[PDB]
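Below: the structure, in structure tokens.
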Amino acid sequence: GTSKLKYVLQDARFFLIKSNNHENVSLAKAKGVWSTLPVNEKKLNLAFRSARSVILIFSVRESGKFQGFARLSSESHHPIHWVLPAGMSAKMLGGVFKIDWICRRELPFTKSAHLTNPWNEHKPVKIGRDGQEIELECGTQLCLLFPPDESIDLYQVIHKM
Ligand SMILES: O=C1CC(CN(Cc2ccccc2)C2CC2)=NC(=O)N1
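The sequence shown runs 344 to 421, 425 to 507 under the deposited numbering.
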């Protein structure tokens, strides 16, 4: 069903998080961690303190899809073998956020064409810079479009709220 998912998403905040490649999403899915540049680190840390749930919705650049979504379980904290763009050092990252995956299934952008994000001029929700906040209603409907991930049990995540 969808009821535990809706409960986790109640009064949540949502952020569009880009990845430079699939490998970093794979690492994040395996290890339950993510890192960012300091600008988005500050934004996500403020959000983590503000809301019962902060949801990261991931999209690998140029993939035309979202690769899943996860809930922050921690503020950032200060090596993980991330695959970084040429010229970027690990020292340019902020701290590491712990995350609990809610859905590891993909959703193509074609399936979210009917959702617009008020915090990005009501452009389609797939459009946004890395770190763009997605308004509650749009973000909830976007998460509900993903195929159910029957491998995940949200019992444990509800307890962290
Ligand atoms: O475009 C991105 C990609 C990305 C993946 N990073 C490396 C990186 C961080 C910031 C910019 C470019 C690459 C691995 C998880 C530590 N994390 C983001 O937060 N935004």
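Even for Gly, the Cβ is constructed at its ideal location relative to N, Cα and C.
For residue i: DSSP bridge partner residues
{"i": "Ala413", "result": "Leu399 and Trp447"}
{"i": "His420", "result": "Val442"}
{"i": "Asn463", "result": "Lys469"}
{"i": "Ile480", "result": "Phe357"}
{"i": "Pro431", "result": "None; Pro431 has no bridge partner."}
{"i": "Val376", "result": "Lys444"}
{"i": "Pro454", "result": "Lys408"}
{"i": "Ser362", "result": "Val403"}
Burial state of residue i, where buried means 16 or more other Cβ atoms lie within 10 Å
{"i": "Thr486", "result": "buried"}
{"i": "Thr456", "result": "exposed"}
{"i": "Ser378", "result": "buried"}
{"i": "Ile426", "result": "exposed"}
{"i": "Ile473", "result": "exposed"}
{"i": "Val471", "result": "buried"}
{"i": "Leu490", "result": "exposed"}
{"i": "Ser402", "result": "buried"}
Alpha carbon of residue i to alpha carbon of residue j, nearest angstrom
{"i": "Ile504", "j": "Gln353", "result": "11 Å"}
{"i": "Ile360", "j": "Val376", "result": "13 Å"}
{"i": "residue 422", "j": "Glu366", "result": "The model of the chain omits the segment between 421 and 425, and residue 422 is among the residues lacking coordinates."}
{"i": "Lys347", "j": "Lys469", "result": "29 Å"}
Exercise. Do the stretch 456 to 464 and the stretch 411 to 421 make contact, defined as three or more Cβ pairs closer than 8 Å?
Worked result: no
Exercise. Are there three or more Cβ pairs, one per stretch, closer than 8 Å when the stretch 425 to 443 is compared with the stretch 375 to 391?
Worked result: Contact holds: three or more Cβ-Cβ distances are below 8 Å.
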